[PDB]
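**Q** Before anything else, here's the structure in question.
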Amino acid sequence: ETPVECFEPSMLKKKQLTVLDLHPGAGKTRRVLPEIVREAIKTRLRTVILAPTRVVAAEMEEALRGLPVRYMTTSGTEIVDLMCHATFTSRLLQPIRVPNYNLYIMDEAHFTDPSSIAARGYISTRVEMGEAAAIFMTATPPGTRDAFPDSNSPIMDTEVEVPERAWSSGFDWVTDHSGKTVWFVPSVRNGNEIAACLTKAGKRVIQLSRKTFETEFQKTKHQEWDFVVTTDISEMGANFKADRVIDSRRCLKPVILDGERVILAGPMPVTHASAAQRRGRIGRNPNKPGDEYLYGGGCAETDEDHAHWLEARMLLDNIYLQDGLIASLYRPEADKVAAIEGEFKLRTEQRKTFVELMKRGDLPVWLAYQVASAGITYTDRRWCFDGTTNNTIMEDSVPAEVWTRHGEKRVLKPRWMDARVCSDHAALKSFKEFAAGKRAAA
Ligand SMILES: Nc1ncnc2c1ncn2[C@@H]1O[C@H](COP(=O)(O)OP(=O)(O)O)[C@@H](O)[C@H]1O
Ligand SMILES: [Cl-]
Ligand SMILES: [Mn+2]
Ligand SMILES: [Mn+2]
């Protein structure tokens, strides 16, 4: 029920779920996790470690060599499995059943992407069934209201006006800084504009988003950069050698309007958990005082209409558990959806299409569900062009057009409209390729 600051072997017993909420930088990932894993191995548990990103998983794989840990990019009691949250949930969605782990360790358990929410629901359900123990590691568990947690070194916090768009004058304090800054933006499109403005000022800028994270994060490990401009993905265990965080304190919220379409609402205030994790990128060196957190507004808790929790239910309704059972959301997040258990369950063929649209089509969960539940097969792209006029997708104030693999040039006008497929150039490029029956190599 209440979170703990210290690991104890009793936490590995079946039916125990423990939240370990040591403050940011206190050593959950690098110190407590190996201690748990060593004890899991000694007691012959069947253990999986769930990292939020491939970057952090590859860091764990290096940190845990010499231990029998197998990193899976997509065992019994002798080998500990390690994979990303999304890899875990993806495996639960395929016909071959996941090992019956009796110990789940989820690192950065605050991650609010649909696959992480679904993973917590499945895990917490297995624990309640008496089949496993689980440990959720995060300084900012669901519902935290503390944007200013403890840190290894004191942080200088200042509320300031943070640029939301490119600037041609003013804001000298942004560019006069001689250290390294991590700047949290609400969207890729907004980061693109901020980053271009910084580059014009002569700064060396690295941009981070979910789709580019693995390859672009490697650039931050070197000396030669001045700003990282990142979306909220860097709240999930990203390590920077930075002196300063600039925090818009803003995010976008995907919202399902009346079950018909998804809009991106905002930019609007972030949660306290998010603000704490953004600030928590700095102040991490106990012998380096003076790190700065400059933040642009207040916090607000997630409302009942954030699409990720409904999308998580769409995933969980299609994950096998035990005969006719369906997993619940982790209890502290279960009130965030009005959806009824099981209402998104698909028959077998539609479920395969649903998973293919997400994994191969790169479509958001909600959109993949609409298409699959309409009985459309994965390679039938006619729905990308037969929507109502209001669903026309624009590119540079002009309707976007696509050459289909059938040789016709069609206006992009999807039958279901999800704003996430056209929110920035890279998203639209991907969706235009999907609509044309093509796919970029991975
Ligand atoms: N590659 C590294 N080498 C040395 N120290 C590191 C490295 N990465 C992180 N640290 C430091 O180790 C400490 C614990 O980090 P971590 O275990 O990631 O904290 P958290 O509790 O947030 O998971 C922090 O002071 C962090 O700055
Ligand atoms: Cl992103
Ligand atoms: Mn401490
Ligand atoms: Mn961590």
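Going by the structure tokens order, chains are called A, B, ..., each with residues numbered from 1, while ligands are numbered from 1 in the order shown.
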So that I can check the secondary structure, give me every residue of region 214-402 of chain A assigned alpha helix (DSSP H) by backbone DSSP, as a ChimeraX atom specification.
**A** /A:214-217,272-279,307-316,348-359,365-373
**Q** At a cut-off of 6 Å around ligand 4, and using only C-alpha atoms and all ligand atoms, what residues come up? Please write them as JSON, numbers by chain.
**A** {"A": [28, 29, 108, 237]}
**Q** What residues of the protein or nucleic acid chains come within 7 Å of ligand 2 when you use only C-alpha atoms and all ligand atoms? Reply as a VMD selection string.
**A** chain A and resid 187 to 188 209 to 211 231 to 233
**Q** Any idea what's packed within 12 Å of residue 184 (chain A), counting only C-alpha atoms, ignoring anything in its chain fewer than 4 positions away? Could you give it as number ranges by chain?
**A** A: 162-164, 188, 190-192, 194-195, 207-209, 227-235, 244-251, 270, 274-275, 277-281, 293-296
**Q** So which residues touch region 410-412 of chain A within 8 Å, counting only C-alpha atoms, skipping near sequence neighbours fewer than 3 positions away, as a VMD selection string?
**A** chain A and resid 384 to 385 392 to 393 399 to 404 432 435
**Q** Can you write out the residues you just picked, keeping C-alpha atoms, as a short mmCIF file (atom, residue, chain, number, x, y, z; two decimals), in the first residue's frame?
**A**
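selection.cif written:
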data_model
loop_
_atom_site.label_atom_id
_atom_site.label_comp_id
_atom_site.auth_asym_id
_atom_site.auth_seq_id
_atom_site.Cartn_x
_atom_site.Cartn_y
_atom_site.Cartn_z
CA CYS A 384 -6.95 6.17 -45.43
CA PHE A 385 -8.82 7.98 -48.22
CA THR A 392 -8.73 15.69 -44.64
CA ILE A 393 -5.10 15.85 -43.56
CA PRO A 399 -4.56 18.69 -48.59
CA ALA A 400 -1.88 16.02 -48.36
CA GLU A 401 -1.76 13.71 -51.38
CA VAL A 402 -0.36 10.21 -51.76
CA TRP A 403 0.42 7.91 -54.69
CA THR A 404 -1.09 4.57 -53.75
CA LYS A 432 1.75 8.88 -45.77
CA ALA A 435 -1.34 5.01 -46.66
#
